[PDB]
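The next block is protein.cif, given as mmCIF, C-alpha atoms and all ligand atoms.
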data_my_file
#
loop_
_atom_site.label_atom_id
_atom_site.label_comp_id
_atom_site.auth_asym_id
_atom_site.auth_seq_id
_atom_site.Cartn_x
_atom_site.Cartn_y
_atom_site.Cartn_z
CA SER H 1 89.58 135.43 94.59
CA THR H 2 90.14 135.84 98.34
CA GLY H 3 92.63 137.31 100.77
CA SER H 4 93.50 136.60 104.38
CA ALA H 5 95.90 138.47 106.66
CA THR H 6 96.82 138.33 110.34
CA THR H 7 96.25 141.51 112.35
CA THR H 8 98.25 142.14 115.52
CA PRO H 9 97.78 144.55 118.45
CA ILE H 10 100.44 147.24 118.59
CA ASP H 11 100.79 147.20 122.39
CA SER H 12 99.63 145.46 125.57
CA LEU H 13 96.36 147.44 125.69
CA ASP H 14 95.07 146.66 122.16
CA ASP H 15 95.21 150.38 121.39
CA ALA H 16 95.32 149.58 117.66
CA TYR H 17 95.92 146.71 115.25
CA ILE H 18 98.39 146.55 112.37
CA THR H 19 98.20 144.30 109.31
CA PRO H 20 101.03 143.78 106.79
CA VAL H 21 100.33 145.15 103.30
CA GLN H 22 102.46 144.71 100.17
CA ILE H 23 102.82 147.88 98.06
CA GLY H 24 104.66 148.24 94.76
CA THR H 25 106.96 146.15 92.59
CA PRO H 26 109.04 144.68 94.05
CA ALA H 27 106.88 144.47 97.18
CA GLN H 28 107.44 146.99 99.95
CA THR H 29 105.78 145.64 103.09
CA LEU H 30 104.19 148.19 105.43
CA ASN H 31 102.13 147.58 108.56
CA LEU H 32 98.86 149.47 108.15
CA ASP H 33 95.97 150.27 110.49
CA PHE H 34 92.80 148.88 108.88
CA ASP H 35 90.15 151.54 109.52
CA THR H 36 86.48 150.96 108.69
CA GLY H 37 85.84 154.55 109.82
CA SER H 38 87.78 156.27 107.02
CA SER H 39 88.32 155.82 103.31
CA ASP H 40 91.91 156.85 102.52
CA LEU H 41 94.89 154.53 102.04
CA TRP H 42 97.83 156.69 103.12
CA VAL H 43 101.39 155.80 104.08
CA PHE H 44 104.55 157.26 105.51
CA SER H 45 106.87 157.75 102.55
CA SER H 46 110.20 159.09 101.31
CA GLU H 47 108.29 162.37 100.82
CA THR H 48 107.27 162.74 104.47
CA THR H 49 109.01 165.56 106.34
CA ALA H 50 112.02 163.89 107.93
CA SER H 51 111.44 165.39 111.38
CA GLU H 52 107.95 163.83 111.43
CA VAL H 53 109.17 160.24 110.88
CA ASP H 54 110.38 158.30 113.94
CA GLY H 55 110.89 154.59 113.21
CA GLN H 56 108.09 154.05 110.69
CA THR H 57 108.68 152.00 107.56
CA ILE H 58 108.37 154.31 104.55
CA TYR H 59 107.00 153.71 101.07
CA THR H 60 109.48 154.79 98.37
CA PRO H 61 107.60 155.25 95.07
CA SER H 62 110.80 155.84 93.10
CA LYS H 63 111.82 152.22 93.86
CA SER H 64 108.54 150.73 92.57
CA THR H 65 108.37 149.96 88.85
CA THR H 66 104.55 150.06 88.99
CA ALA H 67 104.16 153.39 90.81
CA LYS H 68 102.69 156.28 88.79
CA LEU H 69 102.25 159.81 90.09
CA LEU H 70 98.61 160.91 89.90
CA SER H 71 99.11 164.29 88.24
CA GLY H 72 97.86 167.21 90.32
CA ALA H 73 96.05 165.11 92.92
CA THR H 74 96.34 165.96 96.62
CA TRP H 75 94.74 164.72 99.82
CA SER H 76 94.14 166.06 103.32
CA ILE H 77 92.35 164.25 106.14
CA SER H 78 91.36 165.10 109.71
CA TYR H 79 90.27 162.38 112.13
CA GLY H 80 87.80 162.75 114.99
CA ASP H 81 90.59 162.54 117.58
CA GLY H 82 92.32 165.60 116.09
CA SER H 83 94.92 163.69 114.07
CA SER H 84 95.63 164.73 110.49
CA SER H 85 97.86 164.10 107.48
CA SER H 86 98.21 165.30 103.89
CA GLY H 87 100.26 164.80 100.74
CA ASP H 88 100.18 163.74 97.10
CA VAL H 89 98.86 160.61 95.41
CA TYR H 90 100.39 157.69 93.52
CA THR H 91 98.80 154.65 91.94
CA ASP H 92 100.47 151.29 92.53
CA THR H 93 99.89 147.59 93.05
CA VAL H 94 98.60 146.74 96.54
CA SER H 95 98.26 143.21 97.95
CA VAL H 96 96.64 142.06 101.20
CA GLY H 97 97.19 138.44 102.20
CA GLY H 98 97.35 137.21 98.61
CA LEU H 99 94.59 139.50 97.28
CA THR H 100 96.02 141.89 94.67
CA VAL H 101 94.58 145.16 93.34
CA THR H 102 96.29 147.03 90.51
CA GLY H 103 95.96 150.77 90.12
CA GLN H 104 95.14 151.40 93.77
CA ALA H 105 95.47 155.00 94.92
CA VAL H 106 98.34 155.12 97.44
CA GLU H 107 98.32 158.48 99.20
CA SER H 108 101.84 159.60 100.10
CA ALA H 109 102.08 161.63 103.30
CA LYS H 110 104.09 164.84 103.09
CA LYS H 111 102.95 165.98 106.55
CA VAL H 112 101.55 164.05 109.53
CA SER H 113 100.32 165.13 112.95
CA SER H 114 102.31 164.38 116.08
CA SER H 115 100.08 161.46 117.12
CA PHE H 116 101.20 159.52 114.03
CA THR H 117 104.88 160.43 114.45
CA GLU H 118 104.90 159.11 118.03
CA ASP H 119 103.22 155.84 116.92
CA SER H 120 106.31 154.10 115.53
CA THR H 121 104.44 150.84 114.82
CA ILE H 122 101.80 152.23 112.41
CA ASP H 123 103.14 152.89 108.90
CA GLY H 124 99.80 154.15 107.61
CA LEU H 125 96.08 153.55 107.39
CA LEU H 126 93.97 151.44 105.03
CA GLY H 127 90.47 152.91 104.87
CA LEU H 128 87.52 150.54 104.60
CA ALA H 129 84.52 152.86 104.92
CA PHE H 130 82.62 153.83 101.78
CA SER H 131 84.48 155.60 98.98
CA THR H 132 82.33 158.74 99.24
CA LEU H 133 84.54 159.81 102.19
CA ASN H 134 87.84 159.63 100.28
CA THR H 135 89.65 162.98 100.46
CA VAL H 136 91.59 162.92 97.18
CA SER H 137 91.10 166.10 95.13
CA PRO H 138 90.15 166.98 92.45
CA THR H 139 89.33 163.34 91.56
CA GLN H 140 87.95 161.17 94.36
CA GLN H 141 89.58 157.73 94.62
CA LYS H 142 88.18 154.31 95.53
CA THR H 143 89.04 152.19 98.55
CA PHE H 144 90.96 148.92 98.39
CA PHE H 145 87.74 147.02 99.10
CA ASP H 146 85.81 148.84 96.37
CA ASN H 147 88.55 148.15 93.83
CA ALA H 148 88.73 144.47 94.83
CA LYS H 149 84.94 143.94 95.01
CA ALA H 150 84.34 142.70 91.47
CA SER H 151 87.04 140.01 91.71
CA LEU H 152 86.12 138.77 95.20
CA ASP H 153 84.26 135.47 95.50
CA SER H 154 81.77 137.29 97.77
CA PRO H 155 81.65 141.10 98.18
CA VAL H 156 82.47 140.92 101.90
CA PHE H 157 85.27 141.28 104.37
CA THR H 158 85.33 140.08 107.97
CA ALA H 159 87.03 141.44 111.07
CA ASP H 160 88.11 139.00 113.80
CA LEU H 161 90.12 141.09 116.25
CA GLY H 162 91.84 139.35 119.13
CA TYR H 163 91.89 140.24 122.82
CA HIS H 164 95.58 140.67 123.69
CA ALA H 165 96.21 138.29 120.78
CA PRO H 166 96.48 138.24 116.98
CA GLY H 167 93.41 138.12 114.78
CA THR H 168 92.39 137.96 111.13
CA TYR H 169 91.03 140.14 108.33
CA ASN H 170 89.49 138.04 105.54
CA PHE H 171 88.42 139.33 102.11
CA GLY H 172 85.91 137.57 99.89
CA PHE H 173 84.78 134.69 102.12
CA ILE H 174 83.23 133.92 105.51
CA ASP H 175 85.23 131.49 107.67
CA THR H 176 82.45 129.40 109.23
CA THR H 177 84.96 127.92 111.71
CA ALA H 178 85.79 131.32 113.23
CA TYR H 179 82.53 131.88 115.15
CA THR H 180 79.90 130.04 117.18
CA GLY H 181 76.17 129.96 116.62
CA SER H 182 74.63 132.03 113.83
CA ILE H 183 75.52 135.36 112.26
CA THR H 184 72.85 138.02 112.83
CA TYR H 185 72.70 140.60 110.04
CA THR H 186 71.45 144.16 110.49
CA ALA H 187 70.73 147.07 108.17
CA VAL H 188 73.42 149.62 107.28
CA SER H 189 72.91 153.26 106.34
CA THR H 190 75.59 154.68 104.03
CA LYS H 191 74.23 158.25 104.06
CA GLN H 192 77.21 159.53 106.09
CA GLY H 193 79.77 157.25 104.41
CA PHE H 194 80.19 155.00 107.47
CA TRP H 195 79.24 151.44 108.35
CA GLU H 196 76.36 152.89 110.34
CA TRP H 197 73.80 150.66 112.07
CA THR H 198 71.33 150.66 114.96
CA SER H 199 71.90 148.56 118.07
CA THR H 200 68.74 147.33 119.77
CA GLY H 201 69.82 147.97 123.36
CA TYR H 202 72.20 147.10 126.16
CA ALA H 203 72.65 145.42 129.52
CA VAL H 204 75.18 146.01 132.31
CA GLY H 205 76.58 142.86 133.89
CA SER H 206 73.75 140.50 134.81
CA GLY H 207 71.21 143.34 134.76
CA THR H 208 68.01 143.62 132.77
CA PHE H 209 68.39 144.25 129.05
CA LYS H 210 67.21 147.75 128.12
CA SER H 211 65.54 147.89 124.70
CA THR H 212 66.59 151.19 123.14
CA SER H 213 67.84 152.18 119.69
CA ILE H 214 71.51 153.22 119.61
CA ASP H 215 72.65 154.55 116.24
CA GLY H 216 76.39 154.13 115.77
CA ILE H 217 79.20 153.12 113.44
CA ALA H 218 81.37 150.00 113.33
CA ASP H 219 84.89 151.46 113.42
CA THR H 220 87.95 149.21 113.61
CA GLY H 221 90.03 152.41 113.61
CA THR H 222 88.79 153.62 117.02
CA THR H 223 90.05 152.00 120.22
CA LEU H 224 87.20 152.50 122.68
CA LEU H 225 83.41 152.18 122.84
CA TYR H 226 81.67 155.58 122.72
CA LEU H 227 78.00 155.53 123.74
CA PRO H 228 75.36 158.02 124.91
CA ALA H 229 75.87 159.62 128.30
CA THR H 230 72.84 157.86 129.81
CA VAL H 231 74.18 154.42 128.88
CA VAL H 232 77.74 155.14 130.02
CA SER H 233 76.55 156.56 133.34
CA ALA H 234 74.52 153.39 133.95
CA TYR H 235 77.58 151.22 133.29
CA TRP H 236 80.05 153.04 135.54
CA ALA H 237 77.49 153.37 138.33
CA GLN H 238 78.03 149.62 138.88
CA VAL H 239 81.78 150.12 139.47
CA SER H 240 82.60 151.14 143.03
CA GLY H 241 84.69 154.31 143.04
CA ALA H 242 84.32 155.05 139.33
CA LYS H 243 83.88 158.70 138.37
CA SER H 244 84.13 160.99 135.37
CA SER H 245 87.36 163.00 135.50
CA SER H 246 87.62 166.26 133.57
CA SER H 247 91.41 166.41 133.96
CA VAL H 248 91.86 162.88 132.62
CA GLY H 249 89.13 163.29 129.99
CA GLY H 250 86.67 160.53 130.82
CA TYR H 251 85.62 157.84 133.25
CA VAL H 252 88.31 156.35 135.50
CA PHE H 253 88.04 153.58 138.08
CA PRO H 254 90.18 152.13 140.89
CA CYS H 255 92.54 149.63 139.30
CA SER H 256 91.65 147.05 141.99
CA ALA H 257 88.01 146.90 140.85
CA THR H 258 86.51 144.06 138.82
CA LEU H 259 84.58 145.32 135.87
CA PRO H 260 81.12 144.08 134.87
CA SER H 261 80.48 142.86 131.37
CA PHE H 262 78.61 144.95 128.80
CA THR H 263 76.01 143.52 126.42
CA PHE H 264 74.81 145.20 123.24
CA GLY H 265 71.96 144.07 121.01
CA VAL H 266 72.11 143.16 117.33
CA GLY H 267 68.52 142.54 116.35
CA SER H 268 67.35 139.77 118.67
CA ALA H 269 70.93 138.60 119.29
CA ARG H 270 73.24 139.67 122.12
CA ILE H 271 76.99 140.35 122.05
CA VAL H 272 78.68 140.22 125.47
CA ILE H 273 81.85 142.24 126.06
CA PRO H 274 83.74 140.70 129.02
CA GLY H 275 84.57 143.13 131.79
CA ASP H 276 88.31 142.63 131.30
CA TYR H 277 88.02 144.10 127.78
CA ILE H 278 86.97 147.43 129.33
CA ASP H 279 90.13 147.83 131.47
CA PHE H 280 92.70 150.07 129.77
CA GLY H 281 95.17 150.29 132.63
CA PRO H 282 96.66 153.08 134.73
CA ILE H 283 96.12 156.64 133.53
CA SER H 284 99.84 157.22 134.17
CA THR H 285 102.71 154.92 135.08
CA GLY H 286 102.42 153.80 138.69
CA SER H 287 98.91 155.20 139.17
CA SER H 288 96.17 153.27 140.96
CA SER H 289 93.52 154.98 138.81
CA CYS H 290 92.70 153.11 135.60
CA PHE H 291 91.11 154.32 132.36
CA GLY H 292 87.75 152.94 131.25
CA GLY H 293 87.07 151.41 127.85
CA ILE H 294 83.49 152.71 127.67
CA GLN H 295 83.21 156.50 127.36
CA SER H 296 80.59 159.11 126.51
CA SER H 297 79.95 160.13 122.91
CA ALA H 298 78.36 163.44 123.96
CA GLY H 299 81.35 165.49 122.83
CA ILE H 300 81.78 163.52 119.60
CA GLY H 301 78.32 163.74 118.03
CA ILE H 302 78.12 160.08 116.99
CA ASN H 303 78.23 156.73 118.77
CA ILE H 304 81.24 154.58 117.90
CA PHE H 305 81.43 150.80 118.25
CA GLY H 306 85.22 150.68 118.36
CA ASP H 307 87.67 147.86 118.94
CA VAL H 308 86.42 147.29 122.51
CA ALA H 309 83.08 146.15 121.10
CA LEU H 310 84.19 144.66 117.78
CA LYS H 311 86.83 142.35 119.25
CA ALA H 312 84.10 140.58 121.25
CA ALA H 313 82.50 139.40 117.99
CA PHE H 314 83.07 138.01 114.52
CA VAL H 315 82.02 140.92 112.29
CA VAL H 316 80.94 140.62 108.65
CA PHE H 317 81.13 143.74 106.49
CA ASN H 318 78.82 142.83 103.60
CA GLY H 319 79.47 145.18 100.68
CA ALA H 320 76.59 143.96 98.53
CA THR H 321 74.45 146.46 96.62
CA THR H 322 72.40 146.75 99.80
CA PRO H 323 75.13 146.62 102.47
CA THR H 324 74.64 144.90 105.82
CA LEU H 325 76.63 144.20 108.99
CA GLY H 326 76.82 140.72 110.50
CA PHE H 327 77.67 139.92 114.11
CA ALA H 328 78.37 136.51 115.63
CA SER H 329 79.67 135.38 119.00
CA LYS H 330 83.06 133.68 119.08
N1 LIG H 401 88.21 155.70 112.45
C1 LIG H 401 88.02 156.91 111.66
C2 LIG H 401 87.00 157.83 112.33
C3 LIG H 401 87.43 158.96 113.00
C4 LIG H 401 86.50 159.80 113.60
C5 LIG H 401 85.15 159.50 113.52
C6 LIG H 401 84.13 160.42 114.18
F1 LIG H 401 84.54 160.75 115.44
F2 LIG H 401 83.99 161.56 113.44
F3 LIG H 401 82.93 159.77 114.23
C7 LIG H 401 84.73 158.37 112.85
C8 LIG H 401 85.65 157.53 112.25
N1 LIG H 402 90.55 156.69 113.82
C1 LIG H 402 91.65 156.75 112.88
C2 LIG H 402 92.96 156.85 113.66
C3 LIG H 402 93.74 155.72 113.86
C4 LIG H 402 94.92 155.81 114.57
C5 LIG H 402 95.32 157.04 115.09
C6 LIG H 402 96.62 157.15 115.87
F1 LIG H 402 96.45 156.61 117.12
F2 LIG H 402 97.61 156.47 115.22
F3 LIG H 402 96.97 158.46 115.99
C7 LIG H 402 94.54 158.16 114.89
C8 LIG H 402 93.36 158.07 114.18
#
Here is a file; write its structure as structure tokens.
Ligand SMILES: NCc1ccc(C(F)(F)F)cc1
Ligand SMILES: NCc1ccc(C(F)(F)F)cc1
Amino acid sequence: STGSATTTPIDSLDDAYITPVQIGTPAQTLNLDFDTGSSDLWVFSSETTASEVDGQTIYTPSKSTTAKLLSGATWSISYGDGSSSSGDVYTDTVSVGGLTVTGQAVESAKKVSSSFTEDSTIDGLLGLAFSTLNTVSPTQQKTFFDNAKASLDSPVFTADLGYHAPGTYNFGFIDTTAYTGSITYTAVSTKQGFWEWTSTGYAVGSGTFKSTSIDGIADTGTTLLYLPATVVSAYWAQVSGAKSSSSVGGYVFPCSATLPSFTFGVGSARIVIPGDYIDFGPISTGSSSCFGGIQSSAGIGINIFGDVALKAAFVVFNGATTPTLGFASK
């Protein structure tokens, strides 16, 4: 079987992408943030503290004839940005673009951090990293992808995120009309539970390509591109007036500047991020200082190929027994 669903940016800056997901019987449709950097499927629900819900669509397990409470199970997650949520666990039927999994663990939020409350357009997250990172206790639960794997035509899913435009998540098949040229596959390490791979280098604008190994993770759940300080300094040095601002929390640049492209290596192939993808607009309304889409990973501890990088490519997440990542231009 296969599944295909349209994913849509939540705002004008592509800060995140939401994808409709059907949960329960009869279907309750929630718009979830597909996150290859985490492994929990959690949703706003009728159990969430009322003061922490502000416009989100909630999952109501008592109205689903297929929902079953997972006795004694709890979950608690903390994301790298400081966000967090926690609650109890149900099992229920979950469908993505025609692809149905029965008995999927649906984690019901009882408490969410402020960053989720203020994001009225995200009803929850659908984790697509490896199941070893799932936070359900005392019995760890499997991801949607892991549960669907055996029934998929091919054990893959693909991410085709749009620039200021809708895109597609496909499960079980590779749309050969969605990309140009060939797909270049590269090795994945699962030792940390992430889709972790090694980029072969980078170039700034039309500059020389620098061959250097950059270990990082492919994370649809992170907005920006987080790279080592040496790389990020080399990029912003080519932008007149750009500087690192401690008060803002990263590199900013004059909004009137034109940004150079950024190239990263995948084996012998090259993925080019257009300069416009790196512009994330004024730091505050009316400001002439703009926030950069490439930032340092020094404070994070890991390099993150977030949406800024992934939306420049067609990305294959190959969940075979030896997993690999595929990148193609589009
Ligand atoms: N998108 C989920 C996520 C959040 C944080 C991290 C970090 F920062 F710990 F690497 C990775 C993945
Ligand atoms: N990396 C996972 C993640 C995704 C979205 C959010 C936000 F923006 F909704 F708070 C936080 C953390």
Find the nearest atom pair between each residue of range 18-58 of chain H and range 107-119 of chain H for residues within 9 Å, count all atoms listed in the file, give distances in Å to one decimal, sort rows by chain and ascending number, and present the table as JSON lines.
{"residue": "H:40", "atom": "CA", "partner": "H:107", "partner_atom": "CA", "distance": 7.4}
{"residue": "H:41", "atom": "CA", "partner": "H:107", "partner_atom": "CA", "distance": 6.0}
{"residue": "H:42", "atom": "CA", "partner": "H:107", "partner_atom": "CA", "distance": 4.3}
{"residue": "H:43", "atom": "CA", "partner": "H:108", "partner_atom": "CA", "distance": 5.5}
{"residue": "H:44", "atom": "CA", "partner": "H:109", "partner_atom": "CA", "distance": 5.5}
{"residue": "H:45", "atom": "CA", "partner": "H:108", "partner_atom": "CA", "distance": 5.9}
{"residue": "H:46", "atom": "CA", "partner": "H:108", "partner_atom": "CA", "distance": 8.5}
{"residue": "H:47", "atom": "CA", "partner": "H:110", "partner_atom": "CA", "distance": 5.4}
{"residue": "H:48", "atom": "CA", "partner": "H:110", "partner_atom": "CA", "distance": 4.1}
{"residue": "H:49", "atom": "CA", "partner": "H:110", "partner_atom": "CA", "distance": 5.9}
{"residue": "H:51", "atom": "CA", "partner": "H:117", "partner_atom": "CA", "distance": 8.8}
{"residue": "H:52", "atom": "CA", "partner": "H:117", "partner_atom": "CA", "distance": 5.5}
{"residue": "H:53", "atom": "CA", "partner": "H:117", "partner_atom": "CA", "distance": 5.6}
{"residue": "H:54", "atom": "CA", "partner": "H:117", "partner_atom": "CA", "distance": 5.9}
{"residue": "H:55", "atom": "CA", "partner": "H:117", "partner_atom": "CA", "distance": 8.5}
{"residue": "H:56", "atom": "CA", "partner": "H:117", "partner_atom": "CA", "distance": 8.1}
Exercise. Around ligand LIG 402 (chain H), at most 10 Å away and counting all atoms listed in the file, which residues are there? Put them as a PyMOL selection string, please.
Key: chain H and resi 15-17+32-38+78-84+112-127+219-223+306
Go ahead and save the residues from that selection, with C-alpha atoms, as a compact mmCIF listing (two decimals), keeping the file's coordinate frame.
# COMPACT_ATOMS: atom_id res chain seq x y z
CA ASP H 15 95.21 150.38 121.39
CA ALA H 16 95.32 149.58 117.66
CA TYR H 17 95.92 146.71 115.25
CA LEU H 32 98.86 149.47 108.15
CA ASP H 33 95.97 150.27 110.49
CA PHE H 34 92.80 148.88 108.88
CA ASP H 35 90.15 151.54 109.52
CA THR H 36 86.48 150.96 108.69
CA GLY H 37 85.84 154.55 109.82
CA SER H 38 87.78 156.27 107.02
CA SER H 78 91.36 165.10 109.71
CA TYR H 79 90.27 162.38 112.13
CA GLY H 80 87.80 162.75 114.99
CA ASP H 81 90.59 162.54 117.58
CA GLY H 82 92.32 165.60 116.09
CA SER H 83 94.92 163.69 114.07
CA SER H 84 95.63 164.73 110.49
CA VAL H 112 101.55 164.05 109.53
CA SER H 113 100.32 165.13 112.95
CA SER H 114 102.31 164.38 116.08
CA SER H 115 100.08 161.46 117.12
CA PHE H 116 101.20 159.52 114.03
CA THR H 117 104.88 160.43 114.45
CA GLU H 118 104.90 159.11 118.03
CA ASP H 119 103.22 155.84 116.92
CA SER H 120 106.31 154.10 115.53
CA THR H 121 104.44 150.84 114.82
CA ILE H 122 101.80 152.23 112.41
CA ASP H 123 103.14 152.89 108.90
CA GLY H 124 99.80 154.15 107.61
CA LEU H 125 96.08 153.55 107.39
CA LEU H 126 93.97 151.44 105.03
CA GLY H 127 90.47 152.91 104.87
CA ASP H 219 84.89 151.46 113.42
CA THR H 220 87.95 149.21 113.61
CA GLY H 221 90.03 152.41 113.61
CA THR H 222 88.79 153.62 117.02
CA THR H 223 90.05 152.00 120.22
CA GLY H 306 85.22 150.68 118.36
Quiz item: If you measure from CA of residue 131 in chain H to CA of residue 102 in chain H, what distance in Å do you get, rounded to one decimal?
Solution: 16.9 Å
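Take the candidates H:300, H:21, H:309, H:156 and check each one against ligand LIG 401 (chain H) using only C-alpha atoms and all ligand atoms; the shortest distance goes to H:300.
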Exercise. May I ask which of the residues H:245, H:100, H:57, H:39 is the closest one to ligand LIG 401 (chain H), counting all atoms listed in the file?
Key: H:39
Can you tell me, as a PDB file with C-alpha atoms, in the frame of the given file, what residues are no more than 8 Å from residue 77 in chain H when counting all atoms listed in the file, ignoring any on the same chain fewer than 4 positions away?
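Written output follows (around-v8.pdb):
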ATOM      1  CA  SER H  84      95.630 164.730 110.490  1.00  0.00           C
ATOM      2  CA  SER H  85      97.860 164.100 107.480  1.00  0.00           C
ATOM      3  CA  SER H  86      98.210 165.300 103.890  1.00  0.00           C
ATOM      4  CA  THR H 135      89.650 162.980 100.460  1.00  0.00           C
TER       5      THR H 135
END
Quiz item: Quick one: distance from CA of residue 252 in chain H to CA of residue 327 in chain H in Å, one decimal?
Solution: 29.0 Å
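Candidate residues H:254, H:139, H:147, H:174 were compared for distance to residue 103 in chain H, and the nearest is H:147, using only C-alpha atoms.
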Report as an mmCIF file with C-alpha atoms, keeping the file's coordinate frame all protein, DNA and RNA residues lying within 9 Å of residue 28 in chain H, evaluated on all atoms listed in the file, omitting residues in the same chain fewer than 4 positions from it.
data_model
loop_
_atom_site.group_PDB
_atom_site.id
_atom_site.type_symbol
_atom_site.label_atom_id
_atom_site.label_comp_id
_atom_site.auth_asym_id
_atom_site.auth_seq_id
_atom_site.Cartn_x
_atom_site.Cartn_y
_atom_site.Cartn_z
ATOM 1 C CA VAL H 21 100.330 145.150 103.300
ATOM 2 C CA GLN H 22 102.460 144.710 100.170
ATOM 3 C CA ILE H 23 102.820 147.880 98.060
ATOM 4 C CA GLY H 24 104.660 148.240 94.760
ATOM 5 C CA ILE H 58 108.370 154.310 104.550
ATOM 6 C CA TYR H 59 107.000 153.710 101.070
ATOM 7 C CA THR H 60 109.480 154.790 98.370
ATOM 8 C CA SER H 64 108.540 150.730 92.570
#
Practice problem: May I have the residues within 10 Å of residue 253 in chain H as an NGL selection string, using only C-alpha atoms and disregarding those fewer than 5 positions away in the same chain? | Solution: :H and (236 or 239-245 or 258-259 or 279 or 281-283 or 288-292)
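You can rank H:263, H:318, H:158, H:134 by their closest distance to ligand LIG 401 (chain H) using only C-alpha atoms and all ligand atoms, and at the top of that list sits H:134.
Note that the spacing between CA of residue 157 in chain H and CA of residue 90 in chain H amounts to 24.8 Å.
Residues in contact with residue 137 in chain H at up to 8 Å, not including ones fewer than 6 positions away on its chain and judged by only C-alpha atoms, are residues 73, 74 and 75 of chain H.
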